[PDB]
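Below is one structure, written out as structure tokens, with a few remarks after it.
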Amino acid sequence: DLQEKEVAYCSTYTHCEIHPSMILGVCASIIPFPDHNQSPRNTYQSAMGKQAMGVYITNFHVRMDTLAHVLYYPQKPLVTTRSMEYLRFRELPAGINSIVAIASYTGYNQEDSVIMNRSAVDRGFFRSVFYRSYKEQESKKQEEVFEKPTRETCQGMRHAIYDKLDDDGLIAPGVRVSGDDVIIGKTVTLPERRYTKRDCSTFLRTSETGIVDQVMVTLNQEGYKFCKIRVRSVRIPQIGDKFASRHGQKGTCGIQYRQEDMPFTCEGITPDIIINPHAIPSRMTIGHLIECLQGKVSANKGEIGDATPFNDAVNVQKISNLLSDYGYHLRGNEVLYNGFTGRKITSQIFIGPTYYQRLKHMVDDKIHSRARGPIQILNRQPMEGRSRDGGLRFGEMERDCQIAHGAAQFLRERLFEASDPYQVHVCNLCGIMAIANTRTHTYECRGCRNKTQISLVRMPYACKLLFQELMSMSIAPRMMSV
Amino acid sequence: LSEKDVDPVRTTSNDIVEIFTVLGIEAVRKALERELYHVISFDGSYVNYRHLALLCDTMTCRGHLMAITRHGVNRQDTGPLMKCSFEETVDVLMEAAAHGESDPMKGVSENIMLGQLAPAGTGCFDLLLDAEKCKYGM
Amino acid sequence: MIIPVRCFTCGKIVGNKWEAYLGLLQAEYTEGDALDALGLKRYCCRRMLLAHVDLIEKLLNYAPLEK
Amino acid sequence: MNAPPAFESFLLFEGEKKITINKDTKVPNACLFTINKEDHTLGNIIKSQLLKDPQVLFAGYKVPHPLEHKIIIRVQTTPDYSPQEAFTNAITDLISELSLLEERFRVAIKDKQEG
Amino acid sequence: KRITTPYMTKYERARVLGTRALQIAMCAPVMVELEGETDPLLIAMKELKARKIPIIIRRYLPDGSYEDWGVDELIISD
Amino acid sequence: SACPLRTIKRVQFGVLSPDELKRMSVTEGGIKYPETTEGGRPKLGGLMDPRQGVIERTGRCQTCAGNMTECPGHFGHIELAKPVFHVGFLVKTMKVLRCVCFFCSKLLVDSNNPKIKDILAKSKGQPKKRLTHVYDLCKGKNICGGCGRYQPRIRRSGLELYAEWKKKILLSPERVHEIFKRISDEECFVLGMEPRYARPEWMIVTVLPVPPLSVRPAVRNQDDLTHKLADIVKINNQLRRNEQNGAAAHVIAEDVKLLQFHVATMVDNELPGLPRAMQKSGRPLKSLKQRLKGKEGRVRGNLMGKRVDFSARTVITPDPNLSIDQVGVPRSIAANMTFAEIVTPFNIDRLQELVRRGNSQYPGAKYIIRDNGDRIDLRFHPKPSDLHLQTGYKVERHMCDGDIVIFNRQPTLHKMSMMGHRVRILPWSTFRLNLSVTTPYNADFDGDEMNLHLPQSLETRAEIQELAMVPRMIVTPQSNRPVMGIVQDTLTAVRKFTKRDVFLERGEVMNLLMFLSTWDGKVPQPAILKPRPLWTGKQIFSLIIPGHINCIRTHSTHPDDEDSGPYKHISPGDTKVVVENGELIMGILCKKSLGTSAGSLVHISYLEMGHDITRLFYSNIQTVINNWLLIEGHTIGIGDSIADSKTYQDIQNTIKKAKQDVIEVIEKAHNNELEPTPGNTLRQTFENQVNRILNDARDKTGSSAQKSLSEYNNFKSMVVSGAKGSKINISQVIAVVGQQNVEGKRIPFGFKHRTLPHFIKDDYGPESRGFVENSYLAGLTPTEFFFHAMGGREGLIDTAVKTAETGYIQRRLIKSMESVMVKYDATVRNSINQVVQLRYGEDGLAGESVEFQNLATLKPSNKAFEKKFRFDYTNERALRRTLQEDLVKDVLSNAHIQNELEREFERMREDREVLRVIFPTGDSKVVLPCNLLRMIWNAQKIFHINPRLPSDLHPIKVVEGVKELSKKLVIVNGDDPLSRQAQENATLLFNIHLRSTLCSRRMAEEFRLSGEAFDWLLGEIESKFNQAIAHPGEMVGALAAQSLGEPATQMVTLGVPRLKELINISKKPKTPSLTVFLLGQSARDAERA
DNA sequence: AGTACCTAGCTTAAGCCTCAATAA
RNA sequence: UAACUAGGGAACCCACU
DNA sequence: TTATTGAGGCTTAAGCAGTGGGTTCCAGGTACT
Ligand SMILES: [Mg+2]
Ligand SMILES: [Zn+2]
Ligand SMILES: [Zn+2]
Ligand SMILES: [Zn+2]
Ligand SMILES: [Zn+2]
């Protein structure tokens, strides 16, 4: 801008940018060619780069962090910005450069889904390890002690293999564990025969398995015995695991095909990931395609491509000519052959190396189901939480939709006997709930002097609690059977 | 509308309240229809006339303009329980207890509270056993 | 953390080529010439070596908890 | 968690049959060949070899679902022929073709090794 | 004289089929022959297509009165 | 349980009597001890009374000898030393005190008055406005046979009343209690309070009902409500001790104030301007009011909506190989959820081996339910003796293939976010869906989770199967069109599959026919037999198309002049879709023909063939098209985003010309040579000119980019299929991104008269104010990058506030009219049994079975209507060319036939006048049940009508058949004149359309139907009209609320704020306006205007 | 020492204040 | 000579559609 | 002339889409022996 030969639009410049790409933050500097993307996609990538898996810190072996994810084979991107040298993304990368074809193959990558190579995944592609740390203290108030519980002297022991614990009440590293397996044996003494101690052991999460990785035992601040147990879980990429590009193109894995089922180039290269062509045009992530082209050029050339945004030395035509110099089609298309029939595909598929990240959202940490489990103590409804074996909420909008269906019986069973079936004995003169002694068959309403005219009414427990709260507020919601 | 050379037939308003106070309840029903149709089909979308007509008829069935708030829905004779299912449950139940209001248990929300079959869809009738048709069985 | 045994895409052995790649790089080869000298012809095998980060050498700077 | 074991793509569990024969009812001389623990590798060669047979009026295969491991081959023949012997002849022709290809590849190995 | 619709509503279809399926699963005698059918849903379907379901639908009018319709008296949708 | 079981028919409300509270409470003598326990055991008379319920698990209650599960909890009471005000009744206490004499305790307005009688007549049967009217009349009254004492003015100060005469005194709740005690029974009648249920003296808290332990469960960890009860009984004991020993002066008043505060904060913690009831921990106490009011409270969070058993949730993934009514569920989910199957002799062996497999294997069972309700757990292995199954037992077997489930996605906006599916077991741990099912669910596969509900009863499963299956809800009642279309890959490939140049060899055809579920086994004759046997894609899709449906559609790239010029019936671009007899004659299919639009091929398939055949149609389209796409393929890359050099020169020339034009406008405004447009100042006219130039540049560059696209371009391939993207996206990628806007204007001067510090001050040019002149492929300059980031940020803000505002509108709309339904007399009524509509939609028809049709009589001129609709029984040779010989002789000879044809035309003319009254604008596109033109086309195709030949259909048979059919189509029953008028009004539009379409002249000339074809047409019209009538029991209010709130979530005040201002009756709308129309010369003269 | 125990913004309905016809 | 369950609340933060 | 009863302007609650996971916190203070 500082050239007097032109009109120059100004001649009183006081300052200059050091580089215009410096306006981006830490997460936005990871985006290659962010000036070729639509801005909401840059925002989405800035969000999801915080969810990528890599090596989060070098000393992760000594840290007993809760919820740690480590990728086995993180790679630095083939297509990088110059700010990644200062973000130290080269030394702690989060992702793998993957050969990716943008194609419609068998329809399992439709609508923001991807098709992964099963043979690649067998070779450690995007294989990660999940770490979860469990901590527990023993306290002196009632004394808690780390010890292996025994059925002859402990109360409340679950039906778990307590033999996995050692003599100190703690499990050892290298032991395989599953859900509801005791890892720390803790017994609290009863304040006042057959049982003298009460079981207060800690188990894993119900849907979580793994190997015990590290057990650390120390003193806490208040001078009590303190233990931390890290559980190692190896996570294979599977159907439903979330994968994202560096351009806001997230997507779960739809299916995994083996190498012989994947499409292949004339050189036998099969894609690691196949993404749908329809993910591109409404999103306008052209930086995705340019990064793919530059990755092809970089991998063939033997260098790392520069994708600093406001760089006029790099454009699509120069990358295309460089790719054409290496014996490929200049726009990155290749002739693919069908993996099932061997016939070459009529359309030539855009394929090349581009940088994906494995996001923290695995399906195995989200799959939840319940038949009948624990219920809340106030209302006798299913609890909240996958970790507490809770039930899903059939909310108000669900009730509205089931009303609009006309399905009165399904709505009734969901809101009555799939949540909290209950029954009360109510007087017939007053609508106040009566006293019911079921085994003596003496159902009486004190207040009405009513001994016989008592009706059993099947009503939800939450409605009974509501009516009892109303009578706590001096309201009489008299239930009349007539 | 009273001005010279102003058409008193076609001159209308966006304001629902003054159309109600000037032209009446059926005119404000039609105006509410037209305004809702405009705000729905401005973006080219289409909604069947049944739903717009039912919304306007529900909002204009009581002679006055019944706003879809706590100030129009919780002020009609809908019973304490379905009123408290919407909003101000404690205030509605306090008023019902103070006045001794009886809930006839005819709506869907009351039967949903009491866990009974809502008179809605499959619950709007009763099934009886035909004794004579059972004679031809095996 | 460490060089993969095989290329993810095709399965060519690349676990024996990381130390040779580093030796060629300190012998003032370019990265492309070093990849060509190791026989990595497909770009799928080339970015296994080009994009690899050896975190294991940083992990070895910490003393093991038992010895 | 729900991962199927890797051997279920090619190992018959105890109880099932490798190949079942089902007669197709809506057209004559047509049979459905449901083959378990196989995939496109075998269905494609059987389909193409049946397509080389002039007495075969229809030859197609499909995998109904890629998560399961069965193929269904549908063969319709001329009335003076049956889909069962069409399938048998297709397998026999594929076996003989592979035998000839194997022995000629061995001859080419000796020719290239001896120069 | 009955003034309600002579056609049998889909809500009536749903509840009649469910009630008849629950009865058949509770070993009610079937009004039609069975060609090896086992699921009480399909048995109730076959009973409904033959208009042999022994259920009277009591349609309640808004004024309080009711109208008793047999399943055989009503027009089946399919 | 010897008590009889039946439901609750009415709920009577009222205030609990102090005597009634005393005589049903199990705690005789009241609660006197604030401790929860004494000596390690619960204390009688304390808070945790064993008479009030079960203390801890495997225990008993002293009142009813039942354990914690079946003990409902038994109430106690606290006898107050001094009565206190009920804070929930304090406003009503204040209102009743003003209506009653302070001394007489009589009504302030005398009951023997015409005004009291008028109030009782107006408020006859309802208490609330009775009390309101009595309060209105008693306001300002000072003197009451009545006393001469002047009444005071009652004022609230927090929780305290002051009776001020105009001295003021402390209005103690004792004095209010004795005032309300001596109020007469008839005075309670006129005050809107039933003395049977609510005496005014019961509104003063003389005894406090302590709730049982079930209401306030102690985890040791006592409930905070128990802590408040402890405070209340502590203060009450302090009052008792001070009253019977101390008798202090003002300590008693302070203690009464503290007791009233504690009772009020037990009932309601959030008073206006009062200190919150806190603890030493530092948390406000949750009162009984706070337990109930919120969306997480009792009524909304635990009764209208609650967590349920037999539910599952995991990530969804695509599955093109599943049917649209199928869901692929994980094995671990299916091994967890159970369905209780009743043991019959028909399934005794299968259920026996399921029990023998147990819960460890997947296809097994979890429980056995015996006839006496005894539950046998199969997880912990029992003996073979109680594994025995007999008839009447229930086996809770694992969920298996073919099981019926509800599949749900939040947010649930309409009926089609909760649809019934058939369970298929698939290996991995995701739910799997057909791709056409995602559009009604608004789902994608980037991490979406969906909920699965398994119905547990057989009746509920049957009603889901008969009401809420996916095929049964292909067409919505919201907009009488399908909600499920053909989705991205399948749509893009079927556009490429049905082009004219698509040719398939024999092996490809036989491979594609393997994926037709409805194939009849016959390979069709190829479209080309020599030199090669070679089928087209249209033949294969014709095999896909079910039945004999007839549909005419139009491709997206269809020229507008093609339908008027030559080659209209032989399309050069193959852009007119014609389906005849269920086969595709020509035309390229897209979202206009296979999408969710009304009148599409899937819509015609649903309306003609039903739901099961249409489900098969969806599945067959997806499977065949995907397996052909395996051969053809579809991609997108850099080469689809580029243009040639000539197009780039055109784009650069257009951008340079636009920048020069903006510079010239800036120069004109700077030299004061720019004359302002009338109606706005110089700034607005300059902005209008600049925006006009930039919009013209954007349009020209977009057109230049669109003209450069080849047929092989994949952006164009996805756009013209309608699968993904638009022409704007192509223009932005290739030519120019365009102008970035914030709040409808250009990029504002956020700095001091600068958008950025890189520009000069007062720079109004394109690049300074947010015009991105580069494309996405070229790359944005840093200023353009920042301005585009501003625009995208505005979009994200709009999305977030849009969801947050539309949720409440949806909830208010559904709570307004949830109980509104069609009753069995075909009328529409609410829960109050009050009629809202006499017929649903004023015609009594359901919204899912009506179609867009055109009235042929509203629009044409008088001579055109006369020529087209009046039968010409004078032209003998024209009649012989249209009719057979005997019909021509009968029409010419018979004067009665000619008279009745003339009467038919006269009735059509009267119908035309009625139509032009109904539609003052000539808009003939109406929505009517039976698509008469398609039915006539179906009759032509079914009976092989030759249009070139004379017909054997007598026009008098047409007239009498239309009359008898109109007699048959009945919406309002009854032979009353009222019933006859309502019937004529309800079917007026459809009868006009029927007499217009099925007239004698049109059947003679245009349609040329035969006698049997006409009889079939009449029967089909009657059948499809009777199927269109709204079913009684339809929750039309809930359907209406969803149908109006669901477009809100995706959208001069307009959109969501205007919708909000219409749904509630806003006294001050944001943009109130009048649309003034002018009369006479002033409507045509601008000066008079 | 261990511990008993006694204590930011919106819109809108509802309630509450000063100035003008009108009979005393 | 298998003696069979789950546990609270209040606030905040983050993520997801 | 003058109170008297009617109708226009001020504060203050009551609202404000859903699903998981993690973290912290739910008590010191002198007496007294
Ligand atoms: Mg999504
Ligand atoms: Zn009683
Ligand atoms: Zn390789
Ligand atoms: Zn009890
Ligand atoms: Zn008095």
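Residues are named by chain letter and number: chains run A, B, ... in the order of the structure tokens, numbers start at 1 in each chain, and ligands are numbered from 1 in the order shown.
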Quiz item: Residues at most 12 Å from residue 22 of chain G, counting only C-alpha atoms (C1' of nucleotides), excluding those fewer than 4 positions away in the same chain, as a PyMOL selection string?
Solution: chain I and resi 2-6
Would you put the residues from that selection into a file with C-alpha atoms (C1' of nucleotides), as a PDB file, in the first residue's frame?
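Contents of selection37.pdb, as written:
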ATOM      1  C1'  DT I   2     -68.769  22.308  47.489  1.00  0.00           C
ATOM      2  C1'  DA I   3     -68.264  17.610  48.419  1.00  0.00           C
ATOM      3  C1'  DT I   4     -68.920  13.581  45.408  1.00  0.00           C
ATOM      4  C1'  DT I   5     -68.293  10.059  42.293  1.00  0.00           C
ATOM      5  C1'  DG I   6     -66.645   9.161  37.722  1.00  0.00           C
TER       6       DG I   6
END
Let's see if you can do this: from backbone DSSP, list all strand (DSSP E or B) residues in chain E, as an mmCIF file with N, CA, C and O atoms, in the first residue's frame.
data_model
loop_
_atom_site.group_PDB
_atom_site.id
_atom_site.type_symbol
_atom_site.label_atom_id
_atom_site.label_comp_id
_atom_site.auth_asym_id
_atom_site.auth_seq_id
_atom_site.Cartn_x
_atom_site.Cartn_y
_atom_site.Cartn_z
ATOM 1 N N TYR E 7 -68.945 -44.456 8.728
ATOM 2 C CA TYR E 7 -67.573 -44.898 8.576
ATOM 3 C C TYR E 7 -66.921 -45.032 9.942
ATOM 4 O O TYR E 7 -67.278 -44.339 10.896
ATOM 5 N N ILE E 55 -67.084 -56.515 19.186
ATOM 6 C CA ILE E 55 -66.911 -55.286 19.947
ATOM 7 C C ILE E 55 -67.944 -54.279 19.470
ATOM 8 O O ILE E 55 -68.127 -54.095 18.263
ATOM 9 N N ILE E 56 -68.642 -53.658 20.414
ATOM 10 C CA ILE E 56 -69.566 -52.571 20.128
ATOM 11 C C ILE E 56 -68.889 -51.265 20.508
ATOM 12 O O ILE E 56 -68.403 -51.114 21.635
ATOM 13 N N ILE E 57 -68.843 -50.326 19.570
ATOM 14 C CA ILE E 57 -68.255 -49.017 19.815
ATOM 15 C C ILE E 57 -69.350 -48.084 20.309
ATOM 16 O O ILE E 57 -70.348 -47.863 19.617
ATOM 17 N N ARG E 58 -69.166 -47.540 21.505
ATOM 18 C CA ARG E 58 -70.104 -46.589 22.091
ATOM 19 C C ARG E 58 -69.573 -45.185 21.827
ATOM 20 O O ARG E 58 -68.717 -44.685 22.560
ATOM 21 N N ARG E 59 -70.078 -44.552 20.773
ATOM 22 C CA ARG E 59 -69.659 -43.203 20.421
ATOM 23 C C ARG E 59 -70.443 -42.201 21.252
ATOM 24 O O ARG E 59 -71.676 -42.183 21.209
ATOM 25 N N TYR E 60 -69.735 -41.362 21.997
ATOM 26 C CA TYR E 60 -70.369 -40.416 22.901
ATOM 27 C C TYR E 60 -70.582 -39.087 22.190
ATOM 28 O O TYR E 60 -69.630 -38.482 21.688
ATOM 29 N N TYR E 66 -75.246 -41.252 23.875
ATOM 30 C CA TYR E 66 -74.298 -42.111 23.187
ATOM 31 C C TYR E 66 -75.001 -42.842 22.055
ATOM 32 O O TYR E 66 -76.228 -42.845 21.949
ATOM 33 N N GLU E 67 -74.198 -43.465 21.197
ATOM 34 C CA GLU E 67 -74.703 -44.268 20.095
ATOM 35 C C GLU E 67 -73.864 -45.531 20.014
ATOM 36 O O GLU E 67 -72.636 -45.453 19.919
ATOM 37 N N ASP E 68 -74.518 -46.686 20.043
ATOM 38 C CA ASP E 68 -73.834 -47.971 20.032
ATOM 39 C C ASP E 68 -73.732 -48.473 18.599
ATOM 40 O O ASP E 68 -74.752 -48.690 17.938
ATOM 41 N N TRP E 69 -72.504 -48.655 18.127
ATOM 42 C CA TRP E 69 -72.234 -49.169 16.793
ATOM 43 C C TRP E 69 -71.449 -50.463 16.913
ATOM 44 O O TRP E 69 -70.454 -50.521 17.640
ATOM 45 N N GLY E 70 -71.890 -51.491 16.205
ATOM 46 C CA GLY E 70 -71.076 -52.673 16.067
ATOM 47 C C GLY E 70 -69.941 -52.458 15.089
ATOM 48 O O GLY E 70 -70.005 -51.601 14.210
ATOM 49 N N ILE E 75 -68.192 -49.144 8.354
ATOM 50 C CA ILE E 75 -67.411 -49.307 7.132
ATOM 51 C C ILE E 75 -65.930 -49.298 7.486
ATOM 52 O O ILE E 75 -65.429 -48.343 8.088
#
Exercise. Find the residues near ligand 2. Use a cut-off of 10 Å, count only C-alpha atoms (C1' of nucleotides) and all ligand atoms, and write them as a PyMOL selection string.
Key: (chain A and resi 426-435+444-451+453-454+478) or (chain F and resi 20+24)
Exercise. Determine which residues of chain C DSSP labels as helix (DSSP H, G or I) from the backbone of this structure, then write them out as a list in words.
Key: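 Those residues are residues 18, 19, 20, 21, 22, 23, 24, 25, 26, 31, 32, 33, 34, 35, 36, 37, 43, 44, 45, 46, 47, 48, 49, 50, 56, 57, 58 and 59 of chain C.
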Practice problem: Set the cut-off to 10 Å, count only C-alpha atoms (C1' of nucleotides) and all ligand atoms, and list whatever residues fall near ligand 3 as a list in words. | Solution: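 The residues near ligand 3 are residues 99, 268, 269 and 270 of chain A; 6, 7, 8, 9, 10, 11, 12, 13, 14, 40, 41, 42, 43, 44, 45, 46, 47 and 48 of chain C.
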Quiz item: Quick one: residues within 10 Å of ligand 4, with only C-alpha atoms (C1' of nucleotides) and all ligand atoms, as a PyMOL selection string?
Solution: (chain A and resi 435-437) or (chain F and resi 26+50-55+60-75+212-214)
Exercise. List all protein, DNA and RNA residues that have at least one atom no more than 6 Å from any atom of ligand 5, counting only C-alpha atoms (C1' of nucleotides) and all ligand atoms, and write them as an NGL selection string.
Key: :F and (101 or 103-104 or 144 or 146-147)
Selection from above, C-alpha atoms, as a PDB file, in the first residue's frame, can you write it?
ATOM      1  CA  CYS F 101     -68.549  -4.792  57.453  1.00  0.00           C
ATOM      2  CA  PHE F 103     -68.251  -4.680  62.888  1.00  0.00           C
ATOM      3  CA  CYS F 104     -71.570  -6.068  61.610  1.00  0.00           C
ATOM      4  CA  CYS F 144     -73.956  -0.476  56.035  1.00  0.00           C
ATOM      5  CA  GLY F 146     -77.226  -1.860  58.915  1.00  0.00           C
ATOM      6  CA  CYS F 147     -74.891  -0.101  61.321  1.00  0.00           C
TER       7      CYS F 147
END
Exercise. Considering only C-alpha atoms (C1' of nucleotides), return as an MDAnalysis selection string whatever protein or nucleic-acid residues lie within 8 Å of residue 43 of chain D, sequence-local ones (same chain, fewer than 4 positions apart) excluded.
Key: chainID D and resid 38:39 47 61:62 71 73
Next, dump the selected residues to file, keeping only N, CA, C and O atoms, as a tab-separated table (two decimals), in the first residue's frame.
chain	number	residue	atom	x	y	z
D	38	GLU	N	-20.55	-64.74	2.46
D	38	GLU	CA	-19.89	-64.38	1.22
D	38	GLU	C	-20.28	-62.95	0.86
D	38	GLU	O	-21.18	-62.36	1.46
D	39	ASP	N	-19.60	-62.41	-0.14
D	39	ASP	CA	-19.70	-60.98	-0.45
D	39	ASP	C	-19.59	-60.80	-1.96
D	39	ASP	O	-19.82	-61.74	-2.73
D	47	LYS	N	-22.23	-64.09	-11.02
D	47	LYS	CA	-23.16	-63.31	-11.83
D	47	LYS	C	-22.66	-63.13	-13.26
D	47	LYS	O	-23.43	-63.32	-14.21
D	61	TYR	N	-27.03	-60.50	-8.68
D	61	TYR	CA	-26.74	-60.73	-7.28
D	61	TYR	C	-26.85	-59.42	-6.53
D	61	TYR	O	-26.78	-58.34	-7.11
D	62	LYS	N	-27.05	-59.53	-5.22
D	62	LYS	CA	-27.06	-58.34	-4.38
D	62	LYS	C	-26.67	-58.73	-2.96
D	62	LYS	O	-26.87	-59.86	-2.53
D	71	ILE	N	-25.28	-62.96	0.44
D	71	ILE	CA	-25.59	-62.50	-0.90
D	71	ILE	C	-26.77	-63.32	-1.40
D	71	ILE	O	-26.97	-64.47	-1.01
D	73	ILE	N	-28.36	-64.47	-5.01
D	73	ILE	CA	-28.16	-64.57	-6.45
D	73	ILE	C	-29.46	-65.09	-7.05
D	73	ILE	O	-29.98	-66.13	-6.63
Quiz item: What's the 9 Å shell around residue 4 of chain E, counting only C-alpha atoms (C1' of nucleotides), without same-chain residues fewer than 4 positions away, as an MDAnalysis selection string?
Solution: (chainID E and resid 59 61 67) or (chainID F and resid 824:826 973)
Would you write out those residues with N, CA and C atoms, as a short mmCIF file (atom, residue, chain, number, x, y, z; two decimals), in the first residue's frame?
data_model
loop_
_atom_site.label_atom_id
_atom_site.label_comp_id
_atom_site.auth_asym_id
_atom_site.auth_seq_id
_atom_site.Cartn_x
_atom_site.Cartn_y
_atom_site.Cartn_z
N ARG E 59 -70.08 -44.55 20.77
CA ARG E 59 -69.66 -43.20 20.42
C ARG E 59 -70.44 -42.20 21.25
N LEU E 61 -71.82 -38.65 22.15
CA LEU E 61 -72.17 -37.36 21.57
C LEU E 61 -71.89 -36.26 22.58
N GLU E 67 -74.20 -43.47 21.20
CA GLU E 67 -74.70 -44.27 20.10
C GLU E 67 -73.86 -45.53 20.01
N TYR F 824 -68.31 -36.23 17.72
CA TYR F 824 -68.93 -37.25 16.89
C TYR F 824 -70.10 -36.74 16.07
N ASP F 825 -70.62 -35.55 16.37
CA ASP F 825 -71.57 -34.88 15.49
C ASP F 825 -70.87 -33.97 14.48
N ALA F 826 -69.60 -34.24 14.20
CA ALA F 826 -68.78 -33.55 13.20
C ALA F 826 -68.58 -32.07 13.50
N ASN F 973 -75.58 -34.14 8.11
CA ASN F 973 -76.74 -35.01 8.04
C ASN F 973 -78.01 -34.26 8.42
#
Quiz item: Within 6 Å of ligand 1, counting only C-alpha atoms (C1' of nucleotides) and all ligand atoms: which residues, as a VMD selection string?
Solution: (chain F and resid 444 to 448) or (chain H and resid 17)
Prev. selection, N, CA and C atoms (P, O5', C5', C4', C3', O3' and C1' of nucleotides), output as a PDB file, in the first residue's frame:
ATOM      1  N   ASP F 444     -29.909 -34.683  10.787  1.00  0.00           N
ATOM      2  CA  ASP F 444     -28.753 -35.019   9.975  1.00  0.00           C
ATOM      3  C   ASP F 444     -27.888 -35.957  10.805  1.00  0.00           C
ATOM      4  N   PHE F 445     -26.696 -36.267  10.313  1.00  0.00           N
ATOM      5  CA  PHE F 445     -25.868 -37.291  10.933  1.00  0.00           C
ATOM      6  C   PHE F 445     -24.522 -36.746  11.387  1.00  0.00           C
ATOM      7  N   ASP F 446     -24.486 -35.484  11.810  1.00  0.00           N
ATOM      8  CA  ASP F 446     -23.270 -34.872  12.331  1.00  0.00           C
ATOM      9  C   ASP F 446     -23.214 -34.919  13.853  1.00  0.00           C
ATOM     10  N   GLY F 447     -23.805 -35.943  14.458  1.00  0.00           N
ATOM     11  CA  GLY F 447     -23.772 -36.088  15.898  1.00  0.00           C
ATOM     12  C   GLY F 447     -25.137 -36.006  16.544  1.00  0.00           C
ATOM     13  N   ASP F 448     -26.191 -36.043  15.733  1.00  0.00           N
ATOM     14  CA  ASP F 448     -27.546 -35.990  16.261  1.00  0.00           C
ATOM     15  C   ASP F 448     -27.868 -37.252  17.047  1.00  0.00           C
TER      16      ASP F 448
ATOM     17  P     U H  17     -24.263 -29.513  17.092  1.00  0.00           P
ATOM     18  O5'   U H  17     -25.745 -29.641  16.526  1.00  0.00           O
ATOM     19  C5'   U H  17     -26.231 -30.888  16.058  1.00  0.00           C
ATOM     20  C4'   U H  17     -27.621 -31.170  16.566  1.00  0.00           C
ATOM     21  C3'   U H  17     -28.705 -30.202  16.123  1.00  0.00           C
ATOM     22  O3'   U H  17     -29.167 -30.456  14.807  1.00  0.00           O
ATOM     23  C1'   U H  17     -28.917 -30.628  18.441  1.00  0.00           C
TER      24        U H  17
END
Exercise. Tell me, in Å to one decimal, how far atom CA of residue 207 of chain A is from atom CA of residue 179 of chain A.
Key: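 Answer for the atom CA of residue 207 of chain A to atom CA of residue 179 of chain A separation: 5.5 Å.
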Quiz item: What is the atom CA of residue 902 of chain F to atom CA of residue 873 of chain F distance in Å?
Solution: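 For atom CA of residue 902 of chain F relative to atom CA of residue 873 of chain F, the distance reads 9.7 Å.
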Exercise. Please identify every residue of chain B that has at least one atom no more than 12 Å from any atom of chain E, counting only C-alpha atoms, and report them as an NGL selection string.
Key: :B and (106 or 117 or 119-138)
Practice problem: Please provide the set of residues having any atom within 12 Å of segment 2-4 of chain G, restricted to only C-alpha atoms (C1' of nucleotides), with same-chain residues fewer than 6 positions apart removed, written as a PyMOL selection string. | Solution: (chain A and resi 141) or (chain I and resi 32-33)
